[PDB]
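Colleague: Chains from the complex, first installment, not repositioned:
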Amino acid sequence: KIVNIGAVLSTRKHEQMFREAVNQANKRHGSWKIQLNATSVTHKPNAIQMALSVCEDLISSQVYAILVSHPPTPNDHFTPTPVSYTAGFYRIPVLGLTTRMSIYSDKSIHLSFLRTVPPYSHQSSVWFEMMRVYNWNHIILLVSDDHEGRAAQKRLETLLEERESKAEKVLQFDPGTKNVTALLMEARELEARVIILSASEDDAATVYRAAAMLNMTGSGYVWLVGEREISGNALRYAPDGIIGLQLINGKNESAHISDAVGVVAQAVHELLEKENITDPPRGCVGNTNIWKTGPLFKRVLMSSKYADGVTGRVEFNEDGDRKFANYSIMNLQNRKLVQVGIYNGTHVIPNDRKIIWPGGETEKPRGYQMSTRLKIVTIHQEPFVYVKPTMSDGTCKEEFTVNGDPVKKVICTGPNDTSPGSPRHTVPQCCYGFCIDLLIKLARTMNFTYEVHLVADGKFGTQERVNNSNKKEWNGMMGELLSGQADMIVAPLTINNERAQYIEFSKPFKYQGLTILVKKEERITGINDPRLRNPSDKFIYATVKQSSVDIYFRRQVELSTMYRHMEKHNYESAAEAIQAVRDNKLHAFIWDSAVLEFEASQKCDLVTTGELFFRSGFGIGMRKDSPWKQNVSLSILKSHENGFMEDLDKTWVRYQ
């Protein structure tokens, strides 16, 4: 019996070397019972023509196996794809030795394709090891919009997530495009200092140019990419002191061919000891069904662990990839890559050439940079947030309190009463009051500088589906925090489960609850009045949409009927509902205690009712990761034992 083994080459030398490798396999095992023969074809620039050649040459003979390598010209990186589909039509195994694209790594489209070298996406694995090397956490991902980029993104996010770690942020960009600096801008000011990247050679050159002209090569900053991003023009545009990743066997196609022939010989010899061996179809025309041992061959080739590899023991993974990879890490010192480490299958050992980081140092810098300048988001609420337009000088007329001290007024930028009727021109008005007072107190306590501005949309925000019932996301300040537009939530906000499910809160700086306002028997009996226990059309009652009480009424399923009334009359702010009640347009308004008794004690034309049925706290809520949590908690607790907010209450809410 004679078995044909196919190769796709265009060297005219590795072809004869492949024939010699077939002869070597025969020498190693013997072809007396089962003769072995070789066949070589030449991949052509025209994909249709080369596919036709494969069909009418490699299928015209009952060839059991086929391999392929990349051409020298970088044109048509997906040259094996027609060969892969040709093999797939009869479900034939195929080997690609030189491909680094995760496109071929898919087995839904490429059933029996096997690749010796893992793609660039598997490169991700070493970065994780890099993270273990330097004990870093503040990872920023930058990646192209190509499928390879998304696959690498998924692999690396998986790798970082089994260690209960998460990337600080991810950025996607369109390959081949420019003006990436703007994207870099919105990634420039983040507290992280270690960077990862995935792109193509030209894209790598573009981002290198941008970073160089953006002074991103300074101290603290550092990043790592693959081989194609540190080659040719990309290497030309790369800065010095940059670290790089290298294959142990990047360019020796001959070694790949040798190991491939060896593993093919092992697999076929394991096959020939079995029965029911079906010959591959002879000629595309006349055969239109599946080959039977094809899937069998792939099953026994997953299990094929080829020890006699020139590059070592070749063990395929679950997906036909060489496990325990052999890499190296170089440093680009003075336009040359110099050895700084060797990556054995799971870890790295350094040897020499201590890493000269791009900032000009040789000692390892922390991949983080704490920011004293912090972002502050707020919402208008008169008892806690007084907002007033500034006059011509850029500020507003400051005035002194009854005690004689001036009120501290910060520059808060608001889109000119944000609304459809607003021009959305974000004028810097002045904000002052309770919350601003406690911010400046705790700020001078922690010495950190601050930037204050209220929320854009003026709404609290709730977990809502994206437009057409797509995934859930946060609105308002929670939206800007899960996106990073701000750092803490400084407002009389209501603590709850879902916010705590995504954000965290300190100890509440204020204790409060819920109550109702009406005008001026007919006393609405708190919450237990059938006027509200049973929803009634003649009676109007509502709150602000996308607020905490919305979640309250949503979780209280038995109260859903009143929630049904909510859908008709929900307001957007407090002042207009207050006017409506004063105009008797709204019969009753449910809202938070503190603001409400403040308004009642000030205006006296409206009356509050109902006890604080929902005990709750106004606390500083902010991100789980940042370290200020405990610091701010202990600071506000110290102020509480100092009665500082008691003085603030005397200043703002009491004496009215």
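Modeller: Done, it's in. Residues are numbered from 1 along each chain as shown, chains lettered A, B, ... in the order given.
Colleague: where does the spatially most central residue of chain A land in three-state SS?
Modeller: Nearest residue to the geometric centre of chain A (Cα atoms, centre = their mean): residue A:170, 3.9 Å. Following DSSP: H, G, I helix; E, B strand; the rest coil, the label given to residue A:170 is strand.
Colleague: do the same with residue A:5
Modeller: strand.
Colleague: Verify the contact between it and residue A:264 for me.
Modeller: Yes. Taking contacts as Cβ atoms under 8 Å, residue A:5 lies within contact range of residue A:264: 6.1 Å. Any C-beta I mention is one placed from the backbone N, CA and C, and that applies to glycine too.
Colleague: Which positions in stretch A:76-91 come out as buried?
Modeller: Neighbour-count burial for stretch A:76-91, counted by 16 or more other Cβ atoms under 10 Å, picks out A:76, A:79-84, A:86-88, A:90-91.
Colleague: do stretch A:469-476 as well
Modeller: A:474-476.
Colleague: With secondary structure and distance to residue A:62 added, can I get those residues in TSV?
Modeller: Formatted as TSV, the buried residues of stretch A:469-476 follow (DSSP: H, G, I helix; E, B strand; the rest coil; distance: Cβ to Cβ, whole Å):
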residue	secondary structure	distance to residue A:62
A:474	coil	61
A:475	coil	64
A:476	helix	68
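Colleague: between the residues you listed, which is nearest residue A:454?
Modeller: Ranked by distance to residue A:454 (Cβ to Cβ), the buried residues of stretch A:469-476 are led by residue A:476 at 10.9 Å.
Colleague: pretty sure the closest one is touching residue A:455, no?
Modeller: Yes. The pair residue A:476 / residue A:455 is scored as a contact, 5.9 Å apart, by Cβ under 8 Å.
Colleague: sorry, back to before: which positions are bridged to the residue nearest to the centre of chain A in the beta structure?
Modeller: Bridge pairing for residue A:170 (DSSP bridges) gives the partners residue A:141.
Colleague: which parts of the top helix by length along chain A are buried?
Modeller: Ranked by residue count and defined by DSSP state H, the top helix of chain A is helix A:253-272. Buried residues in helix A:253-272, counted by 16+ other Cβ under 10 Å: A:253-269, A:271.
Colleague: helices or strands next to that helix in the packing?
Modeller: Judged by 3 or more Cβ pairs under 8 Å, 6 or more residues apart in numbering; DSSP states H and E, the packing partners of helix A:253-272 are strand A:2-8, helix A:14-29, strand A:63-68, helix A:293-302, strand A:305-306, strand A:314-315.
Colleague: among those, which is the most enclosed?
Modeller: strand A:63-68 (a mean of 25; mean count of other Cβ atoms under 10 Å).
Colleague: Export only the CA atoms of that one, formatted as PDB.
Modeller: Output in PDB follows, covering the C-alpha atoms of strand A:63-68 (Å, rounded to 0.1, in the frame of the first residue of the first chain):
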ATOM      1  CA  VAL A  63      -3.500  11.900  -0.800                       C
ATOM      2  CA  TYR A  64      -4.000  11.300   2.900                       C
ATOM      3  CA  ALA A  65      -2.300  14.400   4.400                       C
ATOM      4  CA  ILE A  66      -1.500  18.000   3.400                       C
ATOM      5  CA  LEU A  67       0.600  20.800   4.800                       C
ATOM      6  CA  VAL A  68       1.200  24.500   3.900                       C
END
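Colleague: Give the next helix or strand downstream of it.
Modeller: Where DSSP states H and E defines the elements, the next helix or strand beyond strand A:63-68 is helix A:80-89.
Colleague: which residues are in contact with that following helix?
Modeller: A:8, A:43, A:47-48, A:50-51, A:54-55, A:58-59, A:66, A:68, A:92-94, A:96, A:99, A:103-104, A:109-113, A:284 (Cβ atoms under 8 Å, 6 or more residues apart in numbering).
Colleague: now for chain B:
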Amino acid sequence: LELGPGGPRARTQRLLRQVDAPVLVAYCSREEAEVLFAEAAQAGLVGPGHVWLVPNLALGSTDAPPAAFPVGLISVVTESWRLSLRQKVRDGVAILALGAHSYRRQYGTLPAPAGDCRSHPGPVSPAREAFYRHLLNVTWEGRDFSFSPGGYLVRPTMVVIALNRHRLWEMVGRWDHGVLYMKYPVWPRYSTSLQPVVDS
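Modeller: Same chains as before, plus chain B:
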């Protein structure tokens, strides 16, 4: 499951004995579907008190349900599943024609046809993705055929069909894009051959 030719039944049947669900959802090929239906037949999990679900992939010809297929199986397909091939061809030709006519309405020109096989054009011929965009939104006979950015049909109107008590595949309900309809507010659990049982 392995479900390949000559797959070890002990390894599979043992875990099936370890399976205790009354309601199931499965994924496999049509040949794998036949194999697992036989395997569950000797497993006894085909019984009326058992429910199993499957996508369209493990289904062959709707008009040719193999004997291995058990009674009461249910899935969902396109409404055109009862339309003859001629109707499908006519609808496809109509989709292409209306896309081309929309291209003419926007610009007044026919879509440029493709070239031959001895070369390959590099650029995308901006008229071609203009035609693609006008093909991204298709409506014919009230049935929208607007495709997805993923290269397939998005937001379609589906029909849920179920194998009947006579080993006949018939439609039980319809999913109209936000609404479900279906017959049989209870499922007839035929006594492994016929005669559905009244639940206690």
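Colleague: related to what we said a few turns ago, I'd guessed the residue nearest to the centre of chain A sits against residue A:141; true?
Modeller: Yes. Contact criterion Cβ under 8 Å: residue A:170 and residue A:141 qualify, at 4.2 Å.
Colleague: and the gap between the residue nearest to the centre of chain A and chain B?
Modeller: Residue A:170 is 20 Å from chain B, where distance means Cβ to the nearest Cβ, to the nearest Å.
Colleague: Who are the contact partners of that residue?
Modeller: Taking Cβ atoms under 8 Å, 6 or more residues apart in numbering or on different chains, we find residue A:170 in contact with A:141-143, A:153, A:157.
Colleague: list the helices and strands the host helix or strand of residue A:568 packs on?
Modeller: Per DSSP H and E: residue A:568 is located in helix A:560-569. Contact here means 3 or more Cβ pairs under 8 Å, 6 or more residues apart in numbering or on different chains; DSSP states H and E; on that basis helix A:560-569 packs against strand A:541-542, helix A:548-555.
Colleague: distance between the last one and the chain's centre?
Modeller: For helix A:548-555, the separation from the chain centroid amounts to 30 Å (computed by Cα atoms, centre = their mean, to the nearest Å).
Colleague: nearest residue to residue A:471 other than its sequence neighbours?
Modeller: residue A:465 (7.1 Å; Cβ to Cβ, 6 or more residues apart in numbering or on different chains).
Colleague: and the one you found, how many neighbours does it have?
Modeller: 10 (other Cβ atoms under 10 Å in any protein chain shown).
Colleague: still on that earlier bit, buried ones only from the contacts of residue A:170, please, as a ChimeraX command.
Modeller: Entered in ChimeraX, the line below selects the buried ones among these, by 16 or more other Cβ atoms under 10 Å in any protein chain shown:
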select /A:141,142,143,153,157
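Colleague: what's the most distant pair in the contacts of residue A:170?
Modeller: Among the contacts of residue A:170, A:142 and A:157 lie farthest apart (Cβ to Cβ), at 13.4 Å.
Colleague: pretty sure residue A:506 contacts residue A:631?
Modeller: No. The criterion here is Cβ under 8 Å, and residue A:506 misses it with residue A:631 at 9.4 Å.
Colleague: So those two - more neighbours on which side?
Modeller: residue A:506 (22 against 15).
Colleague: and that one, how far is that from chain B?
Modeller: 43 Å.
Colleague: again with residue A:69
Modeller: Distance from residue A:69 to chain B, by Cβ to the nearest Cβ: 22 Å.
Colleague: circling back: how big is the angle separating the longest helix of chain A from helix A:293-302?
Modeller: 120 degrees (axes from the mean of the first three to the mean of the last three Cα atoms, to 10 degrees).
Colleague: Pull the residues that contact helix A:253-272.
Modeller: So helix A:253-272 is in contact with A:3, A:5, A:7, A:11, A:14, A:17-18, A:21-22, A:24-25, A:28-29, A:33-34, A:36, A:64-65, A:67, A:69, A:95, A:97-98, A:116-117, A:249, A:277, A:293, A:296-297, A:300-301, A:304, A:306, A:308-311, A:314, going by Cβ under 8 Å, 6+ apart.
Colleague: Just the C-alpha atoms of that helix, please, in CSV.
Modeller: Output of helix A:253-272 as CSV, limited to C-alpha atoms (Å, rounded to 0.1, in the frame of the first residue of the first chain):
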residue,chain,number,x,y,z
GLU,A,253,10.5,27.0,7.8
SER,A,254,12.7,23.9,7.3
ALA,A,255,12.5,22.9,11.0
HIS,A,256,8.7,23.3,10.8
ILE,A,257,8.7,21.0,7.8
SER,A,258,10.9,18.4,9.6
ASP,A,259,8.7,18.3,12.7
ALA,A,260,5.5,18.2,10.6
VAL,A,261,6.8,15.3,8.6
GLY,A,262,7.8,13.5,11.8
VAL,A,263,4.4,14.0,13.5
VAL,A,264,2.6,13.0,10.2
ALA,A,265,4.6,9.8,10.1
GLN,A,266,3.7,9.1,13.7
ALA,A,267,0.0,9.7,13.1
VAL,A,268,-0.1,7.7,9.9
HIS,A,269,1.7,4.8,11.5
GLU,A,270,-0.7,4.8,14.4
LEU,A,271,-3.5,4.9,11.8
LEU,A,272,-2.3,1.9,9.8
